[PDB]
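Shown below, as structure tokens, is a lone chain in the form deposited in one PDB entry; questions about how it binds or moves come after it.
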């Protein structure tokens, strides 16, 4: 309708994190902005970078915080205000531990799944009733702490699929926006 959506892709800054598991949200957000013809630019009132557009007749504000994952939420809250976006209309794209590799799921409200970005977001919005585009990376092997697992690059085999999984992740996001 008239209410604008804020799509946020979670991730850590710096090239060396660009390919880590905890950066799929970043990649997807880039993908979307590319499809929209919109481009990112600094947002001094939130410390994040935004790109604006229109999908399925809805006004879109794409975003990628520039702080670290554990601080993601502090740039989204001020961002939600600047553009007058209710938490219900916030969509955060993210790698998901509770989902297996390549599996994509739309979801609104619920748990954080052990992801430190989401936790930061909940604590910043004072609610979990925000939308999510979950991109599965499967659970970590017993030999890796979940937090170290996501800060690592995908395996040789996995890397072959990430490109396609992101296009699919972007597609699922477009469908989510289109449905409500």
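Between two forms, the rigid core is defined as the largest C-alpha subset superposing within 1.5 Å. Positions refer to the first chain, counted from 1.
Trainee: Comparing 137-145 with 113-121, where is the mean C-alpha B-factor higher?
Mentor: The stretch with the larger average C-alpha B-factor is 113-121.
Trainee: Would you tell me which stretch averages the higher CA B-factor in the PDB entry, 64-72 or 29-37?
Mentor: On average, C-alpha B-factors are higher across 64-72.
Trainee: In the PDB entry, which of 172, 166, 15, 10 has its C-alpha at the highest B-factor?
Mentor: When the deposited C-alpha B-factors of 172, 166, 15, 10 are compared, 15 is largest.
Trainee: For the chain shown, is the CA B-factor of residue 151 in the lowest, middle or highest third of its modelled residues?
Mentor: Lowest third - that is where residue 151 ends up once the chain's C-alpha B-factors are sorted.
Trainee: Looking at the temperature factor on the CA atom of residue 5, which third of the chain's modelled residues does it land in?
Mentor: Answer is middle: the recorded C-alpha B-factor places it there.
Trainee: Could you say whether, by C-alpha temperature factor, residue 108 belongs to the lowest, middle or highest third of its chain?
Mentor: According to the entry, residue 108 has a C-alpha B-factor in the chain's highest third.
If you look for the form deposited in another entry, you will not find it shown, but the lines that follow are about it.
Trainee: Superpose on the core and compare between this form and the one not shown; which one of 126, 37, 111, 141 crosses the 2 Å Cα shift mark?
Mentor: Residue with a C-alpha shift of 2 Å or more: 141.
Trainee: With a shift of at least 3 angstroms, figure out whether the C-alpha spacing between residue 143 and residue 18 grows or shrinks in that other deposited form: closer or farther?
Mentor: Those two alpha carbons end up farther apart in that other deposited form.
Trainee: Relative to what we see here, could you say if residue 143 and residue 114 have their Cα atoms closer or farther apart in that other deposited form, with a change of 3 Å or more?
Mentor: Closer: residue 143 and residue 114 approach by 3 Å or more in that other deposited form.
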